[PDB]
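Dumped start.cif below, it's mmCIF, C-alpha atoms and all ligand atoms:
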data_data
#
loop_
_atom_site.label_atom_id
_atom_site.label_comp_id
_atom_site.auth_asym_id
_atom_site.auth_seq_id
_atom_site.Cartn_x
_atom_site.Cartn_y
_atom_site.Cartn_z
CA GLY M 1 0.00 0.00 0.00
CA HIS M 2 0.93 3.71 -0.16
CA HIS M 3 3.40 4.73 2.57
CA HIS M 4 5.95 7.44 3.32
CA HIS M 5 9.47 6.90 4.67
CA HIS M 6 9.93 9.75 7.14
CA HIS M 7 13.49 11.05 7.07
CA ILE M 8 15.77 11.66 10.06
CA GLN M 9 15.05 15.30 10.91
CA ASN M 10 17.85 17.89 10.95
CA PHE M 11 20.12 15.93 8.59
CA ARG M 12 20.98 16.26 4.88
CA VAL M 13 23.28 13.97 2.88
CA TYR M 14 25.55 14.38 -0.13
CA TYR M 15 26.48 11.09 -1.75
CA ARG M 16 28.02 9.37 -4.77
CA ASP M 17 26.55 6.47 -6.76
CA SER M 18 28.57 3.35 -7.63
CA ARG M 19 31.73 4.51 -9.44
CA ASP M 20 30.51 7.96 -10.60
CA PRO M 21 32.78 10.60 -8.99
CA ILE M 22 30.11 13.32 -9.14
CA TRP M 23 28.64 14.37 -5.80
CA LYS M 24 24.84 14.16 -5.66
CA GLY M 25 22.33 15.76 -3.32
CA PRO M 26 21.48 17.23 -0.97
CA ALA M 27 19.34 14.24 0.01
CA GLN M 28 17.41 13.03 3.04
CA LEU M 29 18.76 10.51 5.54
CA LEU M 30 16.57 7.46 6.15
CA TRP M 31 18.93 5.08 7.97
CA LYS M 32 22.55 4.58 8.95
CA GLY M 33 24.33 1.40 9.96
CA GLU M 34 26.67 -1.42 8.95
CA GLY M 35 29.04 1.04 7.32
CA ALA M 36 26.31 2.16 4.91
CA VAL M 37 23.61 4.82 4.63
CA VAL M 38 20.08 4.81 3.20
CA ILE M 39 19.21 8.09 1.47
CA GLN M 40 16.08 9.36 -0.25
CA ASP M 41 16.65 11.66 -3.25
CA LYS M 42 13.20 12.68 -4.57
CA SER M 43 11.49 9.35 -5.44
CA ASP M 44 14.75 7.34 -5.31
CA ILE M 45 15.81 5.51 -2.14
CA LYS M 46 19.41 4.32 -2.39
CA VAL M 47 21.96 2.48 -0.25
CA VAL M 48 25.38 4.17 -0.20
CA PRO M 49 28.64 3.16 1.53
CA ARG M 50 29.34 5.45 4.46
CA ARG M 51 32.56 6.82 2.97
CA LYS M 52 30.59 7.71 -0.19
CA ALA M 53 28.32 10.00 1.85
CA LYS M 54 28.72 13.33 3.62
CA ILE M 55 26.15 13.74 6.41
CA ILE M 56 25.41 17.32 7.49
CA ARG M 57 23.56 18.37 10.66
CA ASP M 58 21.39 21.39 9.77
CA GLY F 1 6.77 1.23 -8.04
CA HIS F 2 4.02 -0.02 -5.75
CA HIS F 3 5.33 -2.24 -2.96
CA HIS F 4 4.56 -3.37 0.58
CA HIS F 5 6.97 -3.59 3.51
CA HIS F 6 5.99 -6.80 5.29
CA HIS F 7 6.25 -6.47 9.06
CA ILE F 8 8.24 -8.81 11.29
CA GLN F 9 5.72 -11.41 12.43
CA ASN F 10 4.66 -11.81 16.07
CA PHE F 11 5.87 -8.38 17.20
CA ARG F 12 4.24 -5.04 17.93
CA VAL F 13 5.88 -1.76 18.91
CA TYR F 14 4.81 1.21 21.00
CA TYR F 15 6.94 4.29 20.38
CA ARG F 16 7.41 7.94 21.30
CA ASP F 17 7.41 10.42 18.42
CA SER F 18 9.63 13.51 18.51
CA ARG F 19 8.77 15.65 21.56
CA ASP F 20 5.37 14.18 22.51
CA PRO F 21 5.51 12.29 25.84
CA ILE F 22 2.51 10.05 25.06
CA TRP F 23 3.26 6.60 23.67
CA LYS F 24 1.95 5.77 20.21
CA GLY F 25 1.00 2.36 18.86
CA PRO F 26 0.66 -0.50 18.67
CA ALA F 27 2.68 -0.27 15.45
CA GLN F 28 4.41 -2.80 13.22
CA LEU F 29 8.11 -3.64 13.44
CA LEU F 30 9.96 -3.48 10.11
CA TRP F 31 13.59 -3.57 11.30
CA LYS F 32 15.46 -3.88 14.60
CA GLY F 33 18.88 -2.24 14.55
CA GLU F 34 21.31 -2.03 17.43
CA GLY F 35 20.58 1.64 18.13
CA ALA F 36 17.22 2.23 16.45
CA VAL F 37 14.12 0.51 15.11
CA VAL F 38 12.04 1.05 11.98
CA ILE F 39 8.30 0.96 12.65
CA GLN F 40 5.21 1.33 10.49
CA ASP F 41 2.10 3.06 11.86
CA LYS F 42 -0.66 3.03 9.22
CA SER F 43 0.99 4.62 6.14
CA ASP F 44 3.89 6.14 8.13
CA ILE F 45 7.28 4.41 8.33
CA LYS F 46 9.46 5.98 11.03
CA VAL F 47 12.89 5.49 12.58
CA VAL F 48 12.77 5.50 16.40
CA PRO F 49 15.76 5.19 18.77
CA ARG F 50 15.65 2.07 20.92
CA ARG F 51 15.19 4.14 24.08
CA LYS F 52 11.95 5.56 22.64
CA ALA F 53 10.58 2.17 21.54
CA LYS F 54 8.94 -0.73 23.40
CA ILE F 55 8.96 -3.99 21.43
CA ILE F 56 6.20 -6.41 22.46
CA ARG F 57 6.19 -10.15 21.70
CA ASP F 58 2.74 -11.33 20.61
CA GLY R 1 4.52 9.13 -1.63
CA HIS R 2 5.56 7.10 -4.67
CA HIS R 3 9.17 5.89 -4.48
CA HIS R 4 11.47 3.07 -5.53
CA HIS R 5 13.97 1.18 -3.36
CA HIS R 6 17.04 0.73 -5.55
CA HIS R 7 18.64 -2.66 -5.07
CA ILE R 8 22.28 -3.40 -4.34
CA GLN R 9 23.87 -4.13 -7.71
CA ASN R 10 25.27 -7.53 -8.70
CA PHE R 11 23.39 -9.51 -6.03
CA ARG R 12 20.62 -12.15 -6.30
CA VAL R 13 18.93 -13.67 -3.23
CA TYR R 14 17.02 -16.87 -2.65
CA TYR R 15 15.05 -17.15 0.57
CA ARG R 16 12.38 -18.99 2.53
CA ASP R 17 9.28 -17.52 4.19
CA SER R 18 9.53 -18.66 7.81
CA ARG R 19 7.93 -22.11 8.06
CA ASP R 20 7.45 -22.78 4.30
CA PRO R 21 10.35 -25.03 3.18
CA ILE R 22 10.03 -24.01 -0.50
CA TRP R 23 12.82 -21.77 -1.78
CA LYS R 24 11.73 -18.49 -3.36
CA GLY R 25 13.45 -16.01 -5.64
CA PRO R 26 15.49 -14.80 -7.28
CA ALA R 27 14.99 -11.60 -5.28
CA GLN R 28 16.82 -8.29 -5.10
CA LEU R 29 18.97 -7.39 -2.09
CA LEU R 30 18.11 -4.09 -0.41
CA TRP R 31 20.02 -4.30 2.89
CA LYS R 32 22.42 -6.80 4.49
CA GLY R 33 22.47 -6.25 8.24
CA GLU R 34 23.83 -8.42 11.02
CA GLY R 35 21.56 -11.45 11.35
CA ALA R 36 19.04 -10.57 8.64
CA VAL R 37 18.67 -9.19 5.13
CA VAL R 38 16.01 -7.09 3.43
CA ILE R 39 14.94 -8.41 0.02
CA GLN R 40 12.47 -7.30 -2.64
CA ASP R 41 10.53 -9.96 -4.58
CA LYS R 42 8.40 -8.05 -7.12
CA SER R 43 5.99 -5.97 -4.98
CA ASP R 44 6.98 -7.52 -1.62
CA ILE R 45 9.81 -6.25 0.59
CA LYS R 46 10.59 -8.73 3.35
CA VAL R 47 13.04 -9.21 6.21
CA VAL R 48 14.71 -12.63 6.14
CA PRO R 49 17.08 -14.06 8.78
CA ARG R 50 20.53 -14.68 7.35
CA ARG R 51 20.21 -18.45 7.88
CA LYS R 52 17.15 -18.48 5.59
CA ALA R 53 18.79 -16.58 2.71
CA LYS R 54 21.33 -17.47 0.02
CA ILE R 55 23.08 -14.38 -1.38
CA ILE R 56 24.70 -14.89 -4.80
CA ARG R 57 27.10 -12.31 -6.26
CA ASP R 58 26.42 -12.29 -10.00
NI NI X 1 -0.20 4.84 -6.41
NI NI X 2 8.85 1.92 0.55
#

Hey, can you dump this file as structure tokens for me?
Amino acid sequence: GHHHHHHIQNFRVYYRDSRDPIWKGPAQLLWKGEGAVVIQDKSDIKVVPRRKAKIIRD
Amino acid sequence: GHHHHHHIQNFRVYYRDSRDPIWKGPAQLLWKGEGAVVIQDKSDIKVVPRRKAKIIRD
Amino acid sequence: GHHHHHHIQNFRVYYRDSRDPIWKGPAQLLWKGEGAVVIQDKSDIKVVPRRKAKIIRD
């Protein structure tokens, strides 16, 4: 059914996908753990290695 | 696309949201991390720190 | 809102649904935690204990 993944308030994330060196974002933070991060960028929810993500506390 | 996050069977979760002292729930458990849990309450999927969550075995 | 959970590239997962002994899949891998994995099988996103999942790097 329809649902919404509420982001972790007061955080924004810049990230890189796979091997592309371009920074993407800012994006929302959904989860962090196991040396990885879950981000939501518009309608796309992606898993990114922690060192491929810059987390910023607004 | 359209999808459903199936809850972890035989568990319910009461949780505290943001700055409201009243407990919400019972909600579904989607994921149990070491420091936080992912819950689903109706169409809302939220990340709650373990200290603000009460996992019930039913 | 509408969104898509992008899978972790180059992984295929076979799994069992709790009691049912029949193997299901191939499914996409969304998250590999400690003790469990999150998989997507068409419209269903499920949490599977690690012992009940076979992750294949292809
Ligand atoms: Ni729709
Ligand atoms: Ni979803």

Do you have, as JSON lines, the list of residues of chain R lying at most 10 Å from ligand NI 2 (chain X), each with its nearest atom pair and that distance in Å to one decimal, counting only C-alpha atoms and all ligand atoms and ordered by chain then number?
{"residue": "R:1", "atom": "CA", "partner": "X:NI2", "partner_atom": "NI", "distance": 8.7}
{"residue": "R:2", "atom": "CA", "partner": "X:NI2", "partner_atom": "NI", "distance": 8.1}
{"residue": "R:3", "atom": "CA", "partner": "X:NI2", "partner_atom": "NI", "distance": 6.4}
{"residue": "R:4", "atom": "CA", "partner": "X:NI2", "partner_atom": "NI", "distance": 6.7}
{"residue": "R:5", "atom": "CA", "partner": "X:NI2", "partner_atom": "NI", "distance": 6.5}
{"residue": "R:44", "atom": "CA", "partner": "X:NI2", "partner_atom": "NI", "distance": 9.9}
{"residue": "R:45", "atom": "CA", "partner": "X:NI2", "partner_atom": "NI", "distance": 8.2}

Would you superpose chain R on chain M, least squares on all C-alpha atoms in order, and hand back the fitted chain as an mmCIF file with C-alpha atoms, in the coordinates of the input?
data_model
loop_
_atom_site.group_PDB
_atom_site.id
_atom_site.type_symbol
_atom_site.label_atom_id
_atom_site.label_comp_id
_atom_site.auth_asym_id
_atom_site.auth_seq_id
_atom_site.Cartn_x
_atom_site.Cartn_y
_atom_site.Cartn_z
ATOM 1 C CA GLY R 1 0.382 0.034 -0.509
ATOM 2 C CA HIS R 2 1.008 3.782 -0.580
ATOM 3 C CA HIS R 3 3.350 4.946 2.193
ATOM 4 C CA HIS R 4 5.977 7.541 3.038
ATOM 5 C CA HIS R 5 9.394 6.958 4.624
ATOM 6 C CA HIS R 6 9.834 9.803 7.101
ATOM 7 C CA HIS R 7 13.382 11.103 7.152
ATOM 8 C CA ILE R 8 15.600 11.608 10.178
ATOM 9 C CA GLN R 9 15.207 15.262 11.134
ATOM 10 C CA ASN R 10 18.018 17.822 10.923
ATOM 11 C CA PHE R 11 20.199 15.798 8.529
ATOM 12 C CA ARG R 12 21.256 16.434 4.897
ATOM 13 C CA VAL R 13 23.312 13.917 2.889
ATOM 14 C CA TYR R 14 25.518 14.224 -0.154
ATOM 15 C CA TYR R 15 26.533 11.016 -1.887
ATOM 16 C CA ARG R 16 27.996 9.380 -4.975
ATOM 17 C CA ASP R 17 26.470 6.592 -7.079
ATOM 18 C CA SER R 18 29.151 3.894 -7.140
ATOM 19 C CA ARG R 19 31.518 4.667 -10.025
ATOM 20 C CA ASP R 20 30.169 8.154 -10.940
ATOM 21 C CA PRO R 21 32.509 10.726 -9.316
ATOM 22 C CA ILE R 22 29.875 13.508 -9.372
ATOM 23 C CA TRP R 23 28.440 14.410 -5.971
ATOM 24 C CA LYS R 24 24.655 14.250 -5.665
ATOM 25 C CA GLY R 25 22.189 15.692 -3.186
ATOM 26 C CA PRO R 26 21.165 17.146 -0.916
ATOM 27 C CA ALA R 27 19.297 13.982 0.080
ATOM 28 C CA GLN R 28 17.322 12.938 3.138
ATOM 29 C CA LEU R 29 18.726 10.419 5.622
ATOM 30 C CA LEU R 30 16.503 7.414 6.317
ATOM 31 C CA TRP R 31 18.861 5.022 8.134
ATOM 32 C CA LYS R 32 22.479 5.163 9.343
ATOM 33 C CA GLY R 33 23.770 1.631 9.817
ATOM 34 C CA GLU R 34 27.295 0.350 10.285
ATOM 35 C CA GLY R 35 29.121 0.726 6.973
ATOM 36 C CA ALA R 36 26.273 2.185 4.917
ATOM 37 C CA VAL R 37 23.405 4.661 4.976
ATOM 38 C CA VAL R 38 19.976 4.707 3.358
ATOM 39 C CA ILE R 39 19.111 8.003 1.654
ATOM 40 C CA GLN R 40 16.116 9.337 -0.258
ATOM 41 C CA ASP R 41 16.714 11.658 -3.235
ATOM 42 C CA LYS R 42 13.241 12.648 -4.497
ATOM 43 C CA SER R 43 11.680 9.355 -5.694
ATOM 44 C CA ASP R 44 14.835 7.225 -5.271
ATOM 45 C CA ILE R 45 15.808 5.428 -2.057
ATOM 46 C CA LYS R 46 19.373 4.151 -2.246
ATOM 47 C CA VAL R 47 21.939 2.384 -0.077
ATOM 48 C CA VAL R 48 25.284 4.199 -0.003
ATOM 49 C CA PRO R 49 28.496 2.986 1.683
ATOM 50 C CA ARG R 50 29.557 5.314 4.473
ATOM 51 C CA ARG R 51 32.764 6.268 2.628
ATOM 52 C CA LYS R 52 30.662 7.589 -0.278
ATOM 53 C CA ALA R 53 28.365 9.774 1.854
ATOM 54 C CA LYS R 54 28.748 13.112 3.640
ATOM 55 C CA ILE R 55 26.199 13.538 6.449
ATOM 56 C CA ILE R 56 25.613 17.155 7.522
ATOM 57 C CA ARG R 57 23.681 17.990 10.703
ATOM 58 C CA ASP R 58 21.708 21.138 9.898
#

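Considering the residues F:22, F:32, F:50, F:14 and counting all atoms listed in the file, chain R has its shortest atom-to-atom contact with F:32.
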
Exercise. Counting all atoms listed in the file, which of F:8, F:56, F:47, F:27 gets nearest to chain R?
Worked result: F:8

Problem set entry | Nearby residues, (6.6, -2.2, 20.0) file frame, 8 Å, all atoms listed in the file, as number ranges by chain | F: 11-15, 25-29, 53-56

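Nearest residue to chain M among F:21, F:41, F:36, F:46 is F:46, counting only C-alpha atoms.
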
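Going from atom CA of residue R:10 to atom CA of residue M:23 covers 22.3 Å.
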
Problem set entry | Atomic distance atom CA of residue M:58 - atom CA of residue F:42, expressed in Å with one decimal | 28.7 Å

For stretch 24-35 of chain M of the structure just presented, write N, CA, C and O atoms to a file, as a compact mmCIF listing (two decimals), in the first residue's frame.
# COMPACT_ATOMS: atom_id res chain seq x y z
N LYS M 24 26.27 13.97 -5.47
CA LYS M 24 24.84 14.16 -5.66
C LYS M 24 24.21 14.62 -4.35
O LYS M 24 24.76 14.41 -3.26
N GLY M 25 23.05 15.25 -4.47
CA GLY M 25 22.33 15.76 -3.32
C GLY M 25 22.08 17.25 -3.40
O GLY M 25 22.24 17.87 -4.46
N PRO M 26 21.68 17.87 -2.28
CA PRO M 26 21.48 17.23 -0.97
C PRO M 26 20.29 16.28 -0.93
O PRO M 26 19.31 16.48 -1.64
N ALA M 27 20.38 15.25 -0.10
CA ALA M 27 19.34 14.24 0.01
C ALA M 27 18.97 14.04 1.48
O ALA M 27 19.66 14.51 2.39
N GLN M 28 17.88 13.33 1.70
CA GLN M 28 17.41 13.03 3.04
C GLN M 28 18.06 11.75 3.55
O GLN M 28 18.41 10.85 2.79
N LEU M 29 18.22 11.68 4.87
CA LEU M 29 18.76 10.51 5.54
C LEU M 29 17.61 9.67 6.05
O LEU M 29 16.74 10.18 6.76
N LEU M 30 17.58 8.39 5.66
CA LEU M 30 16.57 7.46 6.15
C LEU M 30 17.09 6.46 7.17
O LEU M 30 16.33 6.02 8.04
N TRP M 31 18.37 6.09 7.09
CA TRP M 31 18.93 5.08 7.97
C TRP M 31 20.44 5.12 7.87
O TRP M 31 21.00 5.54 6.85
N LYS M 32 21.11 4.69 8.94
CA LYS M 32 22.55 4.58 8.95
C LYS M 32 22.93 3.36 9.78
O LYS M 32 22.39 3.14 10.86
N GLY M 33 23.86 2.57 9.25
CA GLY M 33 24.33 1.40 9.96
C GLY M 33 25.11 0.46 9.07
O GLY M 33 25.00 0.53 7.83
N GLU M 34 25.90 -0.41 9.67
CA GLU M 34 26.67 -1.42 8.95
C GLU M 34 27.58 -0.78 7.90
O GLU M 34 27.74 -1.30 6.80
N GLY M 35 28.17 0.35 8.25
CA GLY M 35 29.04 1.04 7.32
C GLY M 35 28.36 1.50 6.05
O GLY M 35 29.03 1.68 5.02
